[PDB]
Each structure stands twice: as structure tokens, then as C-alpha cells.
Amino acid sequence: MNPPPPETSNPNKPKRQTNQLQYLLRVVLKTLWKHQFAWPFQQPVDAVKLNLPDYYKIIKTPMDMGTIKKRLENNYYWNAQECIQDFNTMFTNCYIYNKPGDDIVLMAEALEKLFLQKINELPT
């Protein structure tokens, strides 16, 4: 049984649009999305479909690029740092659930390096 996915809207949370958050959607997320190793990370982990019944017994703060994308489209974040923290949660979850050298880990590590290159310089 999968948990509910992370929220992509919250009326109690203030919204904001910044140049940096626009960039994280238009440039960073949409470039990572096209990477050959992006597909495992484009939606929440379906533990039922993927036959990973222990996934959410281990990962208690799930995050994925589909959720991040919807948050960016919703102007859900206050600032770029909040969105960057969601990317880092996504990568860290993969490294927690899996072991060094696993195929999925190699995929996450390549995306993380590309992510860090793209956010090295943000607009002002």
C-alpha cells in the first residue's frame, strides 16, 4: 500500500515567484527531466507497482521530480532554497534506500552532479 504522495499545494503556505524559482523550473528541472536516467525519479515511488514493499518502511520523507515540478508550477515554494532542499531529499532518499554502486544509485549520482552544475549559478 502506497502512502499519499507529497502535497503539491497548501492554502496555509504562502506562495512566491522569484527569478531563481522560475529558473529552477524552466532550466534546471526541465533539463534534468530529459536525462536518460531521469525516468525513475519523475513520479513518486510506487512501492506496489515496483514490488518494493519496504520502501516506505524506510523512507519517511519521500520526494520526486514530478512532485517538485508540480510545486514549481503551483508557486508552492517561498524561495529557491526550499526547492533545492526537495531535490536533495530526493537524491538522499535514493542513497539511503539503496547501496553504493547499485544501478539506481548510479542514476541518482549522475543526476545529482548535473543538478549541482546547473544550480552553481542562479539568476539574480
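One rule holds for the numbers: they count along the sequence shown, beginning at 1.
Between 23-31 and 84-92, it is 23-31 that carries the larger average Cα temperature factor according to the deposited entry. Between the residues 72, 48, 59, 63, the entry's highest C-alpha temperature factor is the one at 48.
Residue-level temperature factors show residue 67 in the lowest third of its chain, judged at the C-alpha atom. When the CA B factors of the chain's modelled residues are split into thirds, the value for residue 3 lands in the highest one.
When the modelled residues of the chain are ordered by their C-alpha B factor, residue 98 lands in the highest third.
The PDB entry assigns residue 40 a C-alpha temperature factor belonging to the lowest third of its chain's modelled residues.
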